[PDB]
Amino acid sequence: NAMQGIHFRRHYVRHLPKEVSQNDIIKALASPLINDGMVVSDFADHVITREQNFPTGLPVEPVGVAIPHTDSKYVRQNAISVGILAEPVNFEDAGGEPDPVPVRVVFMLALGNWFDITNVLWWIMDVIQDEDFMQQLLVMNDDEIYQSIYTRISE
């Protein structure tokens, strides 16, 4: 499976308040990963730096997505966390276009193996093309989201 070895908990699914900045999002999604020992304690700083220099916005619509991550050397165990935003927050387009991506769904990746990154990207790209499912993510509670993603993780 593309998502073999990736740890995922209900505790890794977060609805974030409408106030949040991009940095706020990264810190909040990092939090449960740090405290489960999945990443280095300054993981959030390293993802923030990466995002500034090599952005991870994917210009899908009507639900924009971002895939923030950093160097695998900052990861101790494989995990993903998921942020649902109440209002869009701009991420820059990974493809290099000047127009921002209004993001509502954030997949933070903590992957310890560089050679596994494209597997998870491929899986994400597959997931976010169910238009109905992306819509559902904006209204589903954390348990509904956990189960829906867990099902998709398990092929």
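Residue numbers run from 1 along the displayed sequence.
When the mean C-alpha temperature factors of 122-130 and 102-110 are read from the deposited coordinates, 122-130 comes out higher.
Higher mean CA B-factor, judged across 55-63 and 33-41 from the recorded values: 55-63. Across the residues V89, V47, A86, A28, the deposited record lists the maximum Cα B factor for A86. Among all modelled residues in its chain, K18 ranks in the highest third by Cα B-factor.
Annotation for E97: C-alpha temperature factor in the highest third relative to the rest of the modelled chain, per the entry.
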